[PDB]
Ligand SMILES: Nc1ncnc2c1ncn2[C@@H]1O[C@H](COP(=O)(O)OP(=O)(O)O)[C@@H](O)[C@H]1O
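Given as structure tokens, the chain that follows is alone and in the form solved without ligand ADP.
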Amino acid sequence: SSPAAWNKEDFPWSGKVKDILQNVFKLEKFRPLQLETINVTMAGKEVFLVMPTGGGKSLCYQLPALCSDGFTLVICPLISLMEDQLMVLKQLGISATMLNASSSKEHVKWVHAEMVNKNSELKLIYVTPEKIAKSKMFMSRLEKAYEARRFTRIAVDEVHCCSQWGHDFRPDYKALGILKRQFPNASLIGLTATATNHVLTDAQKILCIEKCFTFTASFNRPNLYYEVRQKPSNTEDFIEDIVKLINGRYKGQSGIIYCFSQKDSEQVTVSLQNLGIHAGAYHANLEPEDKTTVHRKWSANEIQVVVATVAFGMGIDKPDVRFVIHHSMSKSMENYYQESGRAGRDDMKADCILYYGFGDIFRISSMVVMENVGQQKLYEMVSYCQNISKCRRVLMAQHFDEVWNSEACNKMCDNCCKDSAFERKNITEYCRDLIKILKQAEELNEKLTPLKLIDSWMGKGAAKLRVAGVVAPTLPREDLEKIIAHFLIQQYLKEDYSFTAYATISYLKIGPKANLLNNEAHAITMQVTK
């Protein structure tokens, strides 16, 4: 677990290695962890690498495949993912191919031939797992190649699928223990961007390995600027704001906007189009043509902006994305990190801006009602939006359990650039008033949505639901909203779901921690600007 120990260049192979980097791949130096990994593989050992998408993983196997003689075998879960790499490879003059569930009796026959063939130019073969489990023909081929010593290294992609917990399970993966058992003299390397330590140590068993190196890279992206803003109440106003940025500071530049639904995705698109902006829509119910065309024009810069759901994500590698804007919040902290992380892959400065709105809490809540920890992960994301003083990088590192040193931000988030001071406001009596309202409602046999509770507080809405003697304070509507959100994640209040013919809806009720207000000396405070 110590990479630095492996940070030299006095190994025999060091020469051809430096040679191949600059001459074949056209590069000057190494990004982090790359060198320490390559050394370990050339020393003939076993290693796992954990690093974020776009960090430089594939080079770690693609390169040593060129220092020995003959091919390297690569196992990959999806067809699209394989095609991406062959293209890059083809563009540098390197022969490699892939077999698959849908190849031709001719192609299939040509690969079988090139493996045994001791004079072939092949360097890399990509396959799927069912290929290892369900093909005696293919396995008998590997056997012969291994015995002539045409094949000495193996790489496994998405290695977190071995173990049950990985949250992506693919059964075919459990079979892969057969690799070290039948070819013990070859070295193995596993790759992934997402792994608990329990999950890793498990798969080391499934693959029948011992012993094992484990290198881990850091989450941090020094060139990205992080900001949260208030979402405007009126849709026509919100669309204007976004236009001022696109024709303003980002004019001429490429970006992405992320939405909540398929319908939101289309309606935003129509609106930018109607004001001369060059934009296109992307989601899972579109024809495969539409998808492929939109993705093509964006890469060629004939299109400035893609407006998308989470469907637009897997396998994106464009270097010059200058902005990423969030039209609604994400459903969890892990999802936001991976979505925003698509900006600035060229290492140059880029911006990440998120719009926060009260009504989105409840839209996402109902959508995730059957996930066992759905509501918990949502409330974590809500906490991050409510905060007006801690560094954004500090709040993220609490989620990933990295060891953060406080002042490494350098004025690259919104809270670190603020000039203000703060104080804690006492809001205990507001909580006692809301509970009066809820309590009257139940005697009357009525249920309240969030909208109806804010209305009664403010003295508006249907009259029977008001309570004599309560006075709603003199603040803007957005401040009242932020206060209610506070009581909710602290559990003084709670959600109560109902099932109807076409929808799941949320109501508000008295929560479990409301018993604390029995001490008449108990106090609830929230932070504000002076």
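Rigid core (definition): largest C-alpha set, two forms, superposition within 1.5 Å. In case it trips you up, residue 1 is the first one in the sequence shown, and so on.
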Inset, instruction - Please confirm whether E407, modelled here, goes without coordinates in at least one third of the other compared entries that cover both its neighbours. - result: yes
Legend entry - Between the two ranges 413-421 and 450-458, the one averaging a larger CA B factor in the entry: 413-421
Legend entry - Mean temperature factor over C-alpha atoms, higher-scoring stretch between 435-443 and 164-172: 164-172
Legend entry - Top residue by Cα temperature factor, when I489, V471, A503, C67 are compared in the entry: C67
Legend entry - Member of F400, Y384, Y250, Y258 with the greatest C-alpha B factor (per the PDB record): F400
Legend entry - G93 - Cα temperature factor, lowest/middle/highest third of chain: highest
Inset, instruction - Check where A43 lands among this chain's C-alpha B-factors and tell me if it's the lowest, middle or highest third. - result: highest
Legend entry - Position of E147 among the chain's modelled residues by C-alpha B-factor, lowest, middle or highest third: highest
Inset, instruction - Quick one: classify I239 as lowest, middle or highest third of the chain based on its Cα B-factor. - result: lowest
Legend entry - For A4, the third of its chain into which the C-alpha B factor falls: highest
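The following text describes the form deposited with ligand ADP bound, which does not appear among the structures shown.
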Inset, instruction - Would you mind fitting ligand ADP into the shown chain by superposing the local C-alphas on its pose in the bound PDB entry and telling me if the pocket reads open or blocked at 2.4 Å from backbone or C-beta atoms, 3 atoms or more being blocked? - result: open
Legend entry - in the bound PDB entry, the residue from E147, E289, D317, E442 that sits within 4.5 Å of ligand ADP by heavy atoms: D317
Inset, instruction - Indicate whether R31 is a 4.5 Å heavy atom neighbour of ligand ADP in the bound PDB entry. - result: yes
Inset, instruction - Determine whether any heavy atom of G70 comes within 4.5 Å of a heavy atom of ligand ADP in the bound PDB entry, and answer yes or no. - result: no
Inset, instruction - Would you please decide whether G461 lies within 4.5 angstroms of ligand ADP in the bound PDB entry, comparing each non-hydrogen atom pair? - result: no
Inset, instruction - Look up in the bound PDB entry whether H486 has a non-hydrogen atom within 4.5 angstroms of ligand ADP, and give yes or no. - result: no
Inset, instruction - Tell me the stretch among 463-471, 489-497, 476-484, 51-59 that has any heavy atom within 4.5 angstroms of ligand ADP in the bound PDB entry. - result: 51-59
Inset, instruction - After superposing the two forms on their rigid core, pick out the one entry in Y379, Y336, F358, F183 with a CA shift of 2 Å or more between the shown form and the other one. - result: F183
Legend entry - Threshold 2 Å Cα movement between the shown form and the other one at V156, rigid core reference: yes
Legend entry - Threshold 2 Å Cα movement between the shown form and the other one for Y492, core superposed: no
Inset, instruction - Superpose the two forms on their rigid core, then report whether the C-alpha of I94 is displaced by 2 angstroms or more between the shown form and the other one. - result: yes
